[PDB]
Amino acid sequence: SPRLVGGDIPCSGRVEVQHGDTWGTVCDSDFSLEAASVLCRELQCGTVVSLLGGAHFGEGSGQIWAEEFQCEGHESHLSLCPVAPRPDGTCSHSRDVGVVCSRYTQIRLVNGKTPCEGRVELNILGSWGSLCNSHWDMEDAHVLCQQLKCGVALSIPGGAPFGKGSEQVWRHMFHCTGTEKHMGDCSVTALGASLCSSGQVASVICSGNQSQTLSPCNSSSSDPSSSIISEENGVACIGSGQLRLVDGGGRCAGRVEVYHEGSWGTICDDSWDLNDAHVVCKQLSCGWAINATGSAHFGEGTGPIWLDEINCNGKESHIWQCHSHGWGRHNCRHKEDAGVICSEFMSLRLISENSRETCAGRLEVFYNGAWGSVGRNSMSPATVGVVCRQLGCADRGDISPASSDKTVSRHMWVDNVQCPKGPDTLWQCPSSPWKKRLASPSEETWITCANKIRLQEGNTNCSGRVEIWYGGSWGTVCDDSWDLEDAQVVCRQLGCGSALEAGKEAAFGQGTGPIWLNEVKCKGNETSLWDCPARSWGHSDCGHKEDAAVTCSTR
Ligand SMILES: *[C@@H]1O[C@H](CO[C@@H]2O[C@@H](C)[C@@H](O)[C@@H](O)[C@@H]2O)[C@@H](O[C@@H]2O[C@H](CO)[C@@H](O[C@]3(O)O[C@H](CO[C@H]4O[C@H](CO)[C@@H](O)[C@H](O)[C@@H]4O)[C@@H](O)[C@H](O[C@H]4O[C@H](CO)[C@@H](O)[C@H](O)[C@@H]4O)[C@@H]3O)[C@H](O)[C@H]2NC(C)=O)[C@H](O)[C@H]1NC(C)=O
Ligand SMILES: *[C@@H]1O[C@H](CO)[C@@H](O[C@@H]2O[C@H](CO)[C@@H](O)[C@H](O)[C@H]2NC(C)=O)[C@H](O)[C@H]1NC(C)=O
Ligand SMILES: *[C@@H]1O[C@H](CO)[C@@H](O[C@@H]2O[C@H](CO)[C@@H](O)[C@H](O)[C@H]2NC(C)=O)[C@H](O)[C@H]1NC(C)=O
Ligand SMILES: *[C@@H]1O[C@H](CO)[C@@H](O)[C@H](O)[C@H]1NC(C)=O
Ligand SMILES: *[C@@H]1O[C@H](CO)[C@@H](O)[C@H](O)[C@H]1NC(C)=O
């Protein structure tokens, strides 16, 4: 029923809702993340990446609905959601709301008899291109054939039987587990990804829909299977990967957890060494191990301790092939849970030399066990916004002028980062391949991100209406329980001096967008308003007439 209009990528655009024959738009104060998540699910577009206010995909025409959608979040249709007519707002079409959903992938098969076979093409940065044969597996093929409604995947032939194509190769590495129902639901990396030999391109043959798509396997009674395909209730089924890493801050690090007898469980760190970790990292397509961690380094598990005294020599393609003590009944506690850090683990930081700054510094990436600088070549404002969103700031920032210093000191990891529309992390952005080399500050990137809190419409930047950035868009704070202790937190976070006032009742003017917080009840010693007790993320009965303000002293 709902439609997205005016987007550049699929599953994006301005939100439009029909009643009767009349389409209308929704004001950016009326449409929550929960309502956005119901729309993305209903439209088969995955999950919500961004809620965007301010007529980002252009202003609409005609009707604007006066209704708020009070979705719980798990409704199947937007029509099932409770609707509250709010008082008749000052919303024009310059505040029509918009949504980026997660299934923005543009992928197809070209030059076979049907769309059920051919060379894989991916559209990135307005341009169709191939994928590398070495970057594409059978798990990826099963997901794509289900997406194209073409049954199951038969083959991934390497010798280009449908033509190499007259075009570019994207170096993207999909890491589908095999149980996903759209390529947009799979984890994917493009950052630093290696080139492949010319014309070594990926191809898929699907079965067609004369076979139905396999369901995921649901059983953990037996020893886990090392094949993609298992047998369950007289039907073939895709093995859901019964190994995960948790609490590592990424796909290729964290505590090793294993699914058996209906429960996720941990591994004891006795005899847990690098060879064991290598097998884990191989099985997850995470490269090689750089660390086998013990001593509950990423935290302690909730569930049984299934495996102990695992002694892989490193041959094995799965941890289930390794010699252990078998399932359950071991003489150790969760203070010794095992984990890994693998060579494909990626992390991101800004480093200030003398500190004081929170959203500013030299951009650095962690890869293959090492930190290194990100080069500044080709780097657009939109790429800096993705960086700044990923580091926990607002989605905008500025690159400092290049240093005159042409003499090499630090290691660089990657350069030529060029983010497309849609990802909110740097890892799905194409670049040059990883190359550890020495580099001068001439080549390095210093970033000043916009903070996720600001004061608008006063005589300094330390005085005005409180606005907070969350989930895509700037929004406001309601003034119920908003006191001087809240203002002392806002002033401290901005790096202003003493709080003078906690203003109420839209004293510097009403804002736009959603109202992200109400019932903010700070102790008063917090370093950020995100540490404060509040009714978080858009559940409020307020309007923009009740917007909160802070006035602080400079310096
Ligand atoms: C297996 O795949 C094929 C191919 O499907 C298409 O390609 C894949 C890659 C996907 O993208 C998929 O979404 C595509 O559709 C499926 O064949 C298609 O099947 C659909 C559904 O049955 C057909 O639509 C119609 O059935 O067409 C009927 C009219 O058929 C005449 O006209 C067609 C051209 O328009 C001719 O191809 C056909 O030979 C006839 O001469 C029409 O009666 C149907 O409409 C009625 O029912 C719908 C609800 O389903 C209702 O909304 C309407 O009001 C109406 O009452 C319907 O339009 C496709 O024409 C057909 N495409 C091709 C290329 O053959 C196949 O269904 C699928 N099998 C399974 C098990 O899923
Ligand atoms: C993961 O492995 C690396 C490599 O051994 C560890 O880095 C070293 O840490 C020790 C002690 O902290 C230092 O003496 C070495 O100089 C470091 N070497 C290198 C090459 O970086 C790292 O500490 C390990 N991390 C975890 C969590 O186990
Ligand atoms: C602000 O003050 C509160 C006091 O209520 C500090 O809260 C403590 O948090 C830890 C969490 O590990 C508790 O174990 C302590 O018992 C709490 N109270 C005290 C008195 O320490 C809070 O950490 C303070 N924050 C800042 C940034 O100063
Ligand atoms: C496993 O469970 C899922 C979700 O309940 C279901 O859709 C699927 O058909 C099941 N598959 C098998 C082989 O039992
Ligand atoms: C406000 O403006 C001054 C002018 O240079 C700037 O230095 C300062 O960092 C700004 N403060 C905030 C909280 O934006």
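Side-chain atoms are counted along with the backbone in the values below, which use heavy atoms only and exclude waters and symmetry mates. Counting starts at 1 for both ligands and their atoms, in listed order. FYI, the numbering just counts along the sequence from 1.
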- Message: Suppose we call two aromatic rings close when their centres sit under 6.0 Å apart. Are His330 and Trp306 close by that rule?
- Response: no
Under a plain distance cut-off of 3.5 Å, with no hydrogens placed, do [Y] and [X] share a side-chain donor-acceptor pair?
X      : Y      : result
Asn291 : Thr293 : no
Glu72  : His74  : yes
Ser219 : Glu232 : yes
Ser440 : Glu443 : yes

Can you tell me the protein heavy atom closest to [atom] and the distance?
atom                    : value
atom 8 (C) of ligand 1  : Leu148 O, 3.9 Å
atom 4 (C) of ligand 4  : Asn218 ND2, 4.8 Å
atom 70 (C) of ligand 1 : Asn209 ND2, 3.3 Å
atom 13 (C) of ligand 4 : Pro216 O, 3.9 Å
atom 9 (O) of ligand 4  : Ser215 OG, 3.4 Å
atom 13 (O) of ligand 1 : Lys149 CD, 4.8 Å

- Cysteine SG atoms at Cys388 and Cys393 closer than 2.5 Å: no
- Task: Compare the SG-SG distance of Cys332 and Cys268 against 2.5 Å and report whether it is shorter.
- Result: yes
- Message: Does any part of the side chain of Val374, heavy atoms only, come nearer than 4.5 Å to the side chain of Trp413, both counted from C-beta?
- Response: no
- How about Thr25 and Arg14: do any of their side-chain heavy atoms sit closer than 4.5 Å? yes
Under the 4.0 Å line, does any protein heavy atom show up next to [atom]?
atom                    : value
atom 10 (C) of ligand 1 : yes
atom 43 (O) of ligand 1 : no
atom 1 (C) of ligand 1  : yes
atom 23 (C) of ligand 1 : no
atom 32 (O) of ligand 1 : no
atom 66 (C) of ligand 1 : yes

- Message: With a 4.0 Å cut-off on heavy atoms, is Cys217 in contact with ligand 4?
- Response: no
- So the atoms of ligand 4 within less than 4.0 Å of a heavy atom of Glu232 turn out to be 14 (O)
- Message: Let's go through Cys206 and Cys150 carefully: what are the C-alpha distance in whole Å and the side-chain angles of both, what is the deciding distance for disulfide (SG to SG under 2.5 Å) to 0.1 Å, and is it a yes or a no?
- Response: CA-CA 6 Å; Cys206 312; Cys150 283; 5.2 Å; no
- Message: Counting only nitrogen or oxygen atoms and a 3.5 angstrom limit, does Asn291 reach ligand 2?
- Response: yes
